[PDB]
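Engineer: Before I ask anything, here is the structure I am working with.
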Amino acid sequence: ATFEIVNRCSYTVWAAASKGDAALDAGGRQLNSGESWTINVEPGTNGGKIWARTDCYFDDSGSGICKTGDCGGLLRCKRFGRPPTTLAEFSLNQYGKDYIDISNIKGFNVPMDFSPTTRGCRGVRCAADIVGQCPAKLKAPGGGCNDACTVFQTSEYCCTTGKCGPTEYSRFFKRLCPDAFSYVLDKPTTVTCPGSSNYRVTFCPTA
């Protein structure tokens, strides 16, 4: 499946794509404002994620650090990124279908649209001004808006034990972006697409 990753932000993003223990395609690429990157994701892939990283510093060998979404200090990501990260999440070819969503469970850094290239299902978007409205206690100094689990590290927010519910912090994300997961046990906003679809992930969407 192809994923067209498009940066329409005023700033550079270092795109990342991983399934947690390995890169998807090249794993990462610098996208200056206006640039795109098309990757191939293998059929049947489960637990894939695409995200933006902001304000990265890499040397000639591809090593350094990003202010948001850093993946072990590498340009070409193998593993998932450090919060805060708006997440495009997908599993493909599961019982004949693809499953896509956007998640704020690990916070928000860059606005995102995640849409199929086919008419057979509907895309999702979280592009509200979460960083500008971020409660002070959730603000990340390097940019972005942390989820409450990252900040407070309690089950109330991290949903590690029992059955967590909405909190004032999950509600902050949910009201701004109803179509994205706001905490682990949020009512699902996963979209079912025809199996073997292709997709576009747009940073800073408008139209």
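Under our numbering, the residues of the sequence shown are numbered 11 to 217, in order. Ideal Cβ positions, reconstructed from N, Cα and C, are used throughout, including at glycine.
1) Can you check whether the CB of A26 is closer than 8 Å to the CB of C81?
2) Give the straight-line distance between the Cα atoms of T12 and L102, rounded to the nearest whole angstrom.
3) If you count every other CB in all the chains shown that lies within 10 Å of the CB of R210, and 16 or more means buried, which is it?
4) In its own chain, which residues sit with a C-beta less than 6 Å from the C-beta of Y193, not counting the 5 before and 5 after it?
5) What does DSSP give as the partner residue(s) for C81 in the beta ladder?
6) Could I get the ranges of all uninterrupted beta strand (DSSP E) runs contained in the segment 100-184, with 3 residues as the minimum, in chain order?
7) Are there three or more Cβ pairs, one per stretch, closer than 8 Å when the segment 69-78 is compared with the segment 44-56?
8) For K173, is the classification buried or exposed, using 16 other Cβ atoms within 10 angstroms of its Cβ as the cut-off for buried?
9) Helix, strand or coil: how does DSSP classify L195 here?
10) Report the CB separation of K29 from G54 in whole angstroms; it is logged as a contact under 8 Å.
11) Roughly how far, in whole angstroms, is the beta-carbon of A138 from the beta-carbon of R86, given that I think they are within contact range, below 8 Å?
12) Anyone know if the C-beta pair for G130 and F124 falls short of 8 Å?
13) Does the segment 106-123 come into contact with the segment 136-153, if we say contact requires no fewer than three beta-carbon pairs (one atom in each stretch) closer than 8 Å?
14) Within the same chain, show all residues whose beta-carbon is closer than 6 Å to that of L186, passing over the 5 residues directly before and after it, in chain order.
15) From what residue to what residue does the beta strand (DSSP E) around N17 run?
16) Tell me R39's beta-bridge partners as DSSP assigns them.
17) Can you tell me the Cβ-Cβ gap for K107 and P204, rounded? I've got them flagged as a contact below 8 Å.
18) So the candidates are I75, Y21, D196, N17; which of them puts its Cα closest to the Cα of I115?
Structural biologist: Put simply:
1) Stepping through the sequence shown from its first residue, residue 81 is reached at position 71. Stepping through the sequence shown from its first residue, residue 26 is reached at position 16. Going by C-beta atoms, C81 is nearer than 8 Å to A26.
2) Position 2 of the sequence shown, counting from 1, holds the residue named residue 12. Position 92 of the sequence shown, counting from 1, holds the residue named residue 102. The alpha-carbon atoms of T12 and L102 are separated by roughly 11 Å.
3) For this step, residue 210 is matched to residue 200 along the sequence shown. When all chains shown are included, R210 counts as buried.
4) For this step, residue 193 is matched to residue 183 along the sequence shown. Hits under 6 Å: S180.
5) On the sequence shown, residue 81 is found 71 positions in, with the first residue counted as 1. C81 is not bridged to any residue.
6) 107-113, 122-126, 134-136
7) no
8) Within the sequence shown, the letter at position 163 stands for residue 173. By the 10 Å Cβ count, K173 comes out exposed.
9) Position 185 of the sequence shown, counted from the first residue, corresponds to residue 195. Coil at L195, not helix or strand.
10) As a first step, residue 29 is located in the sequence shown; it is residue number 19 there, counting from the start. As a first step, residue 54 is located in the sequence shown; it is residue number 44 there, counting from the start. About 11 Å separates the two Cβ atoms, so there is no contact after all.
11) The residue you call residue 138 lines up with position 128 of the sequence shown. The residue you call residue 86 lines up with position 76 of the sequence shown. With a Cβ gap of about 30 Å, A138 and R86 do not count as contacting.
12) Here residue 130 corresponds to residue number 120 of the sequence shown, with the count starting at 1. Here residue 124 corresponds to residue number 114 of the sequence shown, with the count starting at 1. Contact flag unset, no.
13) yes
14) Taking the first residue of the sequence shown as position 1, residue 186 is located at position 176. So the list reads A138, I140, once near-sequence residues are dropped.
15) Your numbering for residue 17 matches position 7 in the sequence shown. Looking at the DSSP string, the run of the beta strand (DSSP E) that includes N17 is 12-17.
16) Locating residue 39 in the sequence shown gives position 29, counting from the first residue. Beta-bridge pairing links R39 to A25.
17) Numbered from its first residue, the sequence shown carries residue 107 at position 97. Numbered from its first residue, the sequence shown carries residue 204 at position 194. That pair is a contact at about 7 Å.
18) By one-based count along the sequence shown, residue 115 stands at place 105. For the residues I75, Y21, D196, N17, the minimum Cα distance to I115 belongs to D196.
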